[PDB]
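Accompanying notes for the structure given below.
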Amino acid sequence: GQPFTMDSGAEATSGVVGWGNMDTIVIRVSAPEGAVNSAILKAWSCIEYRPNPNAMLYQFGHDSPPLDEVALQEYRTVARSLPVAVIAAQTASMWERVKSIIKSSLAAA
Amino acid sequence: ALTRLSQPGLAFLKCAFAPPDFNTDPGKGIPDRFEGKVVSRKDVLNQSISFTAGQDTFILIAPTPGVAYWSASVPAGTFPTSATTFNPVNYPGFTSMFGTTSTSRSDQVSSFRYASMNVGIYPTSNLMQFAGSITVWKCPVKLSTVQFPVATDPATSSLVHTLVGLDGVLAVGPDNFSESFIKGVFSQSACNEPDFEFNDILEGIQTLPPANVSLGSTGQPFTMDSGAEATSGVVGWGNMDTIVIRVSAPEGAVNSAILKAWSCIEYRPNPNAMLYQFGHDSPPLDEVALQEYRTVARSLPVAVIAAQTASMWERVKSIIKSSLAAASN
Amino acid sequence: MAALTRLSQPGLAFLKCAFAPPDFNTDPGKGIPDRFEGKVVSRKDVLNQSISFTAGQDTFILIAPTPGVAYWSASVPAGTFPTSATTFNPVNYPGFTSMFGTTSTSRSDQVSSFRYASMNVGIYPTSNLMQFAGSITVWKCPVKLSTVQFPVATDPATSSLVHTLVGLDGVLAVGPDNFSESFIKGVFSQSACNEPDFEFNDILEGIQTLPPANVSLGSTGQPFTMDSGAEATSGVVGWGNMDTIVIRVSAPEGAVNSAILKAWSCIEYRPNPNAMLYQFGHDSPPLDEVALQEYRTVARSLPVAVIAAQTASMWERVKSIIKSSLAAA
Amino acid sequence: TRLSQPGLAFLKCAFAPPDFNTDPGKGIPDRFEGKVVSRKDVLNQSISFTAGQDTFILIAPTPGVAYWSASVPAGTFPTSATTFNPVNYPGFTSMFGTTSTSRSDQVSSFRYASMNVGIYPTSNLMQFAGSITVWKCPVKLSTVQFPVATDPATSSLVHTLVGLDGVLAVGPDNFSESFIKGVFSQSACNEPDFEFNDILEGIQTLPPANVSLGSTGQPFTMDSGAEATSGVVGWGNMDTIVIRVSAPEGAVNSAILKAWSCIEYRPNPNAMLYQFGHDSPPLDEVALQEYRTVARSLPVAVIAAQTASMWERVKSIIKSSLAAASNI
Amino acid sequence: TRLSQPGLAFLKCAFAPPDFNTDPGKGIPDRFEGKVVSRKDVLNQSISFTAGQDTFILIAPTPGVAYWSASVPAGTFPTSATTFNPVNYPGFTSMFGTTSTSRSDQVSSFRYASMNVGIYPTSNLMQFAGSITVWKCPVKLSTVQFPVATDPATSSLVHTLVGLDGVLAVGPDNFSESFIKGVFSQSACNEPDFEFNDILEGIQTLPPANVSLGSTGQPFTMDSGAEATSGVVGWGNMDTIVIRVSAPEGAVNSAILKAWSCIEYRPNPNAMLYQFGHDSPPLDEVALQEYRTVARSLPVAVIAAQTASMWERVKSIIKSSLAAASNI
Amino acid sequence: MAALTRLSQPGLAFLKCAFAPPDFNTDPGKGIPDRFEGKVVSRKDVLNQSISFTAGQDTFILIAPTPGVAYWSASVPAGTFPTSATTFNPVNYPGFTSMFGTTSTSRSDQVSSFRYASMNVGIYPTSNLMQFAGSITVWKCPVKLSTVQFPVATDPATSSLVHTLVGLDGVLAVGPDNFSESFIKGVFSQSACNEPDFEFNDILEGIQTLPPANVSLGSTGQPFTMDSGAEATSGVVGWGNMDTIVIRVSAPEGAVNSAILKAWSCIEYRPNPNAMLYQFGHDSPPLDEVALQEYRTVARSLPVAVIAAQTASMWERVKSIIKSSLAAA
RNA sequence: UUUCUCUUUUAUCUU
RNA sequence: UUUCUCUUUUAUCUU
RNA sequence: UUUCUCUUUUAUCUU
Ligand SMILES: [Ca+2]
Ligand SMILES: [Ca+2]
Ligand SMILES: [Ca+2]
Ligand SMILES: [Ca+2]
Ligand SMILES: [Ca+2]
Ligand SMILES: [Ca+2]
Ligand SMILES: [Ca+2]
Ligand SMILES: [Cl-]
Ligand SMILES: [Cl-]
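Heads up: the sequence lines are chains B, C, B', A, A' and B'', in that order. A prime marks a further copy of an entry chain.
Residue 273 is where the first sequence starts when you use the authors' numbering, and the numbers rise one by one after that.
Residue 55 is where the second sequence starts when you use the authors' numbering, and the numbers rise one by one after that.
Residue 53 is where the third sequence starts when you use the authors' numbering, and the numbers rise one by one after that.
Residue 57 is where the fourth sequence starts when you use the authors' numbering, and the numbers rise one by one after that.
Residue 57 is where the fifth sequence starts when you use the authors' numbering, and the numbers rise one by one after that.
Residue 53 is where the sixth sequence starts when you use the authors' numbering, and the numbers rise one by one after that.
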């Protein structure tokens with residue numbers, strides 16, 4: 273039923289280790305004929321893993337943070353509030369745009 | 055002043071002449087005498103599109119449900135010929151309403167009627183590479199039929215769907231908007247009838263002329279091919295004039311852009327459809343809005359540059375208040 | 053009140069032929085009060101029929117805007133809906149032949165076109181309290197008569213086009229907006245113009261079956277079939293602008309469900325100067341803005357159907373809605 | 057309230073005599089205000105009626121064609137063995153080309169506003185004989201569905217005019233008077249609104265080519281002939297006027313026939329006619345209800361004598377109903 | 057006060073020209089509001105008058121029959137040796153079957169509202185000769201009682217038309233003018249109220265079969281002929297119009313005759329006509345006294361020229377009496 | 053305001069066809085509101101033309117009151133003006149032939165006379181910001197069509213008389229009253245009746261060149277020549293009462309100047325009873341004192357030309373001047 | 001089809 | 001296309 | 001992300 277295919281290639285270089293609970297961001301980038309479109313692409317991922325006692329990874333582990341009712345409801349609000357995407361320009365103005373939405377909805381409470 | 059319009063009657067005028075990027079429920083419906091159950095479908099297309107140099111690309115905003123526009127390119131300085139075929143670009147979820155076979159369109163809905171049909175072209179190329187123009191006019195394209203005989207055994211007479219008025223695309227209408235490509239454009243169409251009558255959903259249509267029909271028998275100047283019955287098709291023809299857009303890209307010109315299309319359509323849902331869940335009664339008659347609609351439409355320019363897409367709603371309100379003023383005297 | 057005095061005699065009669073019970077409405081009214089005032093012939097069709105339902109079988113009844121035919125029925129296995137294997141047979145109003153002849157090509161001999169005003173139906177149980185069983189479900193489908201286009205491998209190869217009933221698929225599911233009570237409680241319901249205005253429809257020649265002769269159900273998209281039978285007894289003379297009333301009547305095994313079935317139809321025809329009908333014609337009623345807006349309101353206001361019990365209380369329920377909405381104006 | 061300039065003009069093109077330099081006007085005052093081109097079609101036809109014949113002239117809402125004429129032996133009406141031939145308005149070809157597929161080349165659709173007709177006897181007073189009779193028919197263009205035993209077997213659907221059977225008899229609502237007295241009559245929109253009808257391609261005959269008159273139900277035939285001189289470009293929503301000029305034996309019946317037609321067409325941007333186009337007049341409720349009233353009030357037809365006292369008949373009705381409604 | 061829609065329509069069907077697309081209307085505005093079916097019967101008859109003959113046309117309140125015609129030598133009137141033959145309105149059979157006992161099959165009773173007649177000369181201006189004369193007769197359908205020597209001896213009672221002797225002379229109150237000028241005339245209810253009359257079964261001739269014209273008193277005979285083509289279905293309460301077209305020798309008198317008839321019938325539940333039925337209009341005192349007044353005021357008949365200036369004659373009288381009564 | 057309500061529908065339309073942009077004016081108006089009310093045919097001529105300018109050459113465009121021809125052009129050496137060695141070639145409005153035949157002696161076949169109402173023109177640059185160069189200068193000349201008288205040494209000797217364009221000499225200098233901005237900024241300008249009233253002008257037969265065939269430029273005084281070419285494609289059918297718009301477009305060497313050129317013409321003709329044109333005619337609009345004085349004022353008030361940019365802002369700029377001068381009255 | 005308050009809770013029109 | 005004062009500085013109409 | 005009125009116009013909570 274999948275409309276297209278996903279190939280990670282040589283098992284020795286890449287592969288599909290799992291599938292998280294985050295909607296998938298889709299991006300169409302139209303390049304006309306004779307157009308030079310050069311850019312830098314960045315990607316963030318805050319992931320929390322369960323380290324295997326054997327892994328040379330484990331020594332960097334710690335305990336998950338305690339429940340923060342506030343932060344969780346803020347997260348949800350900010351999330352649903354923010355726009356699909358913004359222009360690269362206001363990437364820095366982002367943190368601020370956020371801090372705004374927080375005080376705005378935490379004020380009406 | 056704009057308080058003489060019913061809530062919907064106003065909403066109606068907005069879905070109509072303004073690009074409601076604003077997330078209202080998509081339109082209320084039409085403030086006409088009809089108040090039966092309908093579903094206001096707000097169709098919207100966002101298509102990135104690069105224009106090939108040395109070609110005069112033609113785009114048709116037709117009142118064909120489920121399809122935002124049809125295009126094809128002809129060599130620069132020329133228009134479509136018999137040798138031309140237009141391919142449709144569907145709004146999202148075409149199949150989700152009309153199925154995947156030319157005989158399953160009337161499955162979800164039975165009839166329809168357009169309310170708005172807007173389109174905008176927003177240039178994305180730089181100021182050193184673009185070149186060319188965007189020309190726009192509107193054609194009274196209706197969907198009739200052609201009657202001709204066939205030498206079969208026994209010999210018989212045929213009758214098939216044929217598009218009348220297409221010949222209007224072979225020339226730049228006098229009533230037109232023409233300006234530099236880079237300036238983009240926004241334009242909308244309106245009901246080419248005195249009222250908002252419903253049209254039936256058409257089964258089986260995939261091409262015009264229809265398969266097995268020689269072009270010219272119909273008298274059409276070119277062809278319409280929706281392609282695979284499982285991906286697109288022609289489900290009906292609304293009572294809106296078709297919008298013609300000629301984008302001539304000179305040689306070596308990098309003209310890219312983003313095209314947007316809006317369509318408020320009232321469909322009559324079928325009880326067996328899930329879609330039916332979102333049906334409501336059509337808005338009650340709003341004599342004022344119906345009289346304004348007509349006035350606003352007649353006033354507005356053929357089209358305007360992309361920039362004035364915003365000032366659109368405002369331009370409208372002023373035309374209205376200006377009309378409601380003369381009504382007091 | 054001050055609402056019943058704003059209406060013209062015609063305007064009032066109109067509203068009665070539309071929602072009033074058959075007995076109260078002794079006067080069909082001079083017709084439809086609208087812009088049209090040409091020569092017409094008002095004919096109030098009424099069918100009374102003692103019918104007994106087949107036990108262990110659900111019987112479906114379709115009321116459609118077809119001139120000279122009250123309804124169409126078909127029985128299917130209990131708990132099921134029509135299938136491709138299903139075919140509906142029409143029951144004619146008295147004197148169908150005296151109106152549309154006896155040959156599929158002599159329908160337009162008496163009248164050329166028509167337009168429906170009211171189209172009601174009622175079921176009055178006559179079973180005793182020791183024999184009744186089952187339920188009566190009712191919903192309405194927006195069935196319209198369109199056309200389908202497809203190619204044919206003949207010699208030479210050609211493209212066809214024939215009549216198709218669009219939105220018939222709605223009959224295969226009980227839409228959320230429905231009436232549904234125990235058989236014994238009967239049911240009463242009407243239908244109204246599914247168009248903003250009352251436009252005339254042409255009389256259709258040669259139509260006997262749908263899909264028509266030599267056409268596979270497959271190529272039409274219609275979920276089931278319509279057969280009027282011998283051209284000499286019945287047939288499909290046209291298709292009006294009224295949503296179609298659908299009725300599922302479940303009869304359990306060993307249940308005696310006897311009832312009387314009634315049907316109303318206020319139709320306005322265009323008499324042919326030659327017809328022995330013409331001498332009964334008169335001019336269509338003048339426009340009655342009020343009556344028209346009342347009609348629309350009452351229509352959208354009334355419930356899908358009501359139990360047979362409150363068939364008489366109907367006229368009153370109506371007269372209520374009128375003063376209620378004409379008071380807030 | 058009062059009428060608009062266009063709303064008044066509209067009522068004149070509608071029932072006004074054409075000798076009044078009638079203004080096509082800007083068109084029809086209704087909700088529609090779209091671009092359109094107004095055409096005032098006028099035909100003057102000198103014509104002699106065959107003695108011992110009953111000539112039948114039909115005014116139909118067929119664009120570019122003034123009328124269809126056929127003749128049958130005195131005392132009879134058209135039969136299956138009859139075929140009506142159209143007389144085109146001036147410049148038919150300049151509008152709908154010369155092919156049965158060149159109609160929609162200049163205009164895509166249309167709608168009629170008026171459709172009048174007049175017959176002015178030119179015979180002396182002893183030579184003439186016979187009578188003129190008029191009635192109108194609600195002839196509409198439908199479709200017929202019948203099967204055909206081809207390989208493989210198929211079903212055929214085609215155009216068929218309904219309500220023609222009304223021409224085979226003299227409608228009760230009719231005008232009937234001596235030939236010499238002439239006649240004038242007009243038709244009106246047979247629909248509640250003035251909707252647009254499309255232009256029709258390929259129609260040259262009805263029954264069409266390869267169809268028996270039996271398959272259609274139509275009582276007789278319609279032939280426009282050479283697709284290069286005439287044809288059926290569409291069927292409007294106007295009742296069709298029927299005129300039966302009964303000429304007896306040894307009767308010299310000569311006369312002139314005029315045909316009026318106010319039509320609003322939707323011009324194709326590419327057509328030359330587009331420059332002439334303007335916008336349909338704004339809705340004028342008054343005129344739209346006057347039109348409807350005047351129409352219902354006027355007689356089927358009148359002798360050619362009262363062709364000038366026509367406009368005054370109307371002005372009278374206009375203020376006689378603008379009077380029963382002006383009091384309260 | 058003013059008239060109702062039906063009360064106005066009623067006055068039009070009554071004296072209004074039929075070229076006005078006259079509305080049958082809902083019927084008669086009187087105390088009665090019962091279910092009925094309005095029928096507007098119209099006949100157009102092309103007819104040539106025998107030279108040296110005096111043709112007598114009688115408009116009688118016989119349903120389904122436009123008129124009865126008989127001819128006698130110029131200068132004479134009908135005699136015992138005369139028989140009048142009826143010309144039926146269209147679809148006579150569709151209403152009263154094909155048996156002398158199938159009349160009451162569709163409708164049980166009836167009552168006339170209007171009964172007009174017109175004659176429109178189609179002759180040229182030198183060929184024609186003669187004159188048209190009109191007067192009306194209070195012909196009513198009674199009964200005659202005479203004994204018959206059978207075994208045993210018995211008494212016989214049968215229908216007999218009274219007041220026919222009035223056709224054997226030209227009533228003083230009459231219209232008389234040149235043939236060519238044509239003529240138009242109408243009749244009115246000869247009773248104070250519009251009561252219903254029953255449909256009559258078995259009547260084909262008067263005197264009936266087996267009765268001598270001597271037994272009836274009737275001056276001449278009435279024959280409808282084949283019970284399968286015509287017959288006498290009833291006699292209404294309208295005075296009978298008499299028209300004497302006097303054609304001399306070598307006179308070519310051709311013309312068209314029209315006959316109007318607004319009738320209200322009580323439909324049988326089983327009849328197809330029942331669907332078309334509505335309720336008689338509510339009593340409209342105004343119209344009922346206007347009808348009565350207009351009637352008495354109007355002339356016996358008028359030349360066919362003033363057939364259109366008829367409606368205006370009425371509108372005039374309507375407000376000229378609504379004026380002598382509007383002051384105080 | 054109270055100014056826009058004093059005008060008749062015609063009076064308003066008139067003012068728009070005159071100064072309004074081509075897109076806003078979808079309705080040409082019933083014509084000129086003045087004393088004349090006879091039968092006429094309003095024809096709004098519109099030319100759209102993609103034109104590229106020759107580099108290193110100044111191109112001159114002349115807009116004249118000639119029926120069926122939009123403009124006349126000719127290119128000359130940069131920095132220079134026309135000379136005796138110069139000849140202007142006309143560009144026809146669509147369907148010139150369908151109006152004035154194909155032979156210099158069949159111009160008055162469709163129409164006998166005419167009179168101009170509006171005569172606008174606009175230039176919309178389509179070059180990118182890396183390729184445009186040059187300037188657009190505009191002024192107006194009072195060119196009128198007169199006659200010249202001179203003797204001829206024939207046998208016997210005779211005196212001639214032929215058409216001459218008077219005041220053509222004005223095209224050889226940029227008058228103090230002028231528009232003149234960078235090419236890229238485009239330009240928009242109209243022209244108006246150079247007479248106190250709108251008198252009709254006759255259609256002129258046989259005119260193909262000026263100086264005409266067999267006449268030396270010397271004997272006419274005209275500074276340069278006018279050649280319409282093949283009588284079968286173009287020609288000079290008459291000369292209206294509108295000042296002629298002159299346009300100098302300087303294109304530097306190596307500069308890519310591409311633009312769209314538009315032209316308006318509201319002309320009122322006297323249709324010949326025979327013409328297949330006549331059926332579109334109507335009566336001239338009634339006198340509208342207001343509209344006429346407004347016209348004059350607006351005209352004299354508006355600037356020579358404006359940049360292409362404010363072509364839309366035009367209609368508004370106008371509506372301003374009206375209320376301003378109609379307020380002080 | 002009945003009666004209002006109350007806060008709702010969205011939604012535009014206006015500064 | 002916007003707002004007035006001020007003196008401008010010509011210019012006629014009126015005694 | 002900013003400011004209120006106004007009528008909106010739906011929507012429940014309560015008598
Ligand atoms: Ca899938
Ligand atoms: Ca309609
Ligand atoms: Ca074509
Ligand atoms: Ca289907
Ligand atoms: Ca038939
Ligand atoms: Ca006697
Ligand atoms: Ca000079
Ligand atoms: Cl029964
Ligand atoms: Cl171009």
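All residues carry an ideal CB built from backbone N, CA and C; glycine is no exception.
Residue 47/B' touches chain A' at which residues, Cβ-Cβ below 8 Å? The question about residue 47/B' has no answer, for chain B' in this structure spans 53 to 381.
So, are the CB atoms of residue 207/A and residue 243/A less than 7 Å apart? No, they are not a contact pair.
Please determine whether the Cβ atom of residue 219/A' lies at a distance below 6 Å from any heavy atom of ligand 6. No, ligand 6 has no heavy atom inside 6 Å of this Cβ.
Would you list, in sequence order, the uninterrupted beta strand (DSSP E) runs of no fewer than 3 residues that lie entirely inside the stretch 259 to 309 of chain A? Within the stretch 259 to 309 of chain A, complete beta strand (DSSP E) segments of at least 3 residues are found at 277 to 279 and 296 to 302, given in chain order.
Using only the heavy atoms of ligand 6, determine whether one of them is closer than 6 Å to the beta carbon of residue 273/A'. Within the cutoff, so yes.
Return the residue from the list 359/C, 364/C, 368/C and 367/C that minimises the CA-CA distance to residue 362/B''. When C-alpha distances from residue 362/B'' are compared across 359/C, 364/C, 368/C and 367/C, the shortest belongs to 359/C.
Pull every residue with its beta-carbon under 6 Å away from any heavy atom of ligand 9, and keep them in chain order. Output, sorted by chain position: 226/C, 100/B'', 101/B'' and 102/B''.
Short Cβ contact (7 Å threshold) for residue 308/A' with residue 179/A': Yes, they are a contact pair.
Give a single yes or no on whether residue 161/A has its beta carbon closer than 6 Å to a heavy atom of ligand 3. Taken from the Cβ of residue 161/A, at least one heavy atom of ligand 3 lies inside 6 Å.
With 16 other Cβ atoms within 10 Å as the buried cut-off, status of residue 123/A: Buried, since its Cβ has 16 or more Cβ neighbours within 10 Å.
By alpha-carbon positions, which one of 250/B'', 175/B'', 254/B'' and 229/B'' ends up nearest to residue 237/B''? Closest by alpha carbon: 175/B''.
Comparing alpha-carbon positions, which option in 344/A', 65/A' and 277/A' lies nearest residue 126/A'? Distances from the CA of residue 126/A' to each of 344/A', 65/A' and 277/A' were compared; the closest alpha carbon is that of 277/A'.
Could you give the uninterrupted runs of the alpha helix (DSSP H) lying entirely in the stretch 318 to 377 of chain A', keeping only those of 4 residues or more? Look at the stretch 318 to 377 of chain A' and you find these whole runs of alpha helix (DSSP H), each 4 residues long or longer: 341 to 353.
Contacts of residue 93/B'' in chain A (Cβ-Cβ under 9 Å): Close partners of residue 93/B'' in chain A (Cβ separation under 9 Å): 332.
Measuring CB to CB, does residue 85/B' end up less than 7 Å from residue 71/B'? Contact: no.
Is it a yes or a no for the stretch 191 to 206 of chain C touching the stretch 196 to 214 of chain B', going by three-plus beta-carbon pairs under 8 Å? Counting C-beta pairs closer than 8 Å gives three or more between the stretch 191 to 206 of chain C and the stretch 196 to 214 of chain B', which meets the contact rule.
Look at the Cβ atom of residue 367/B', then the Cβ atom of residue 74/B', and state whether they are nearer than 7 Å. For the 7 Å CB-CB criterion, residue 367/B' and residue 74/B' do not form a contact.
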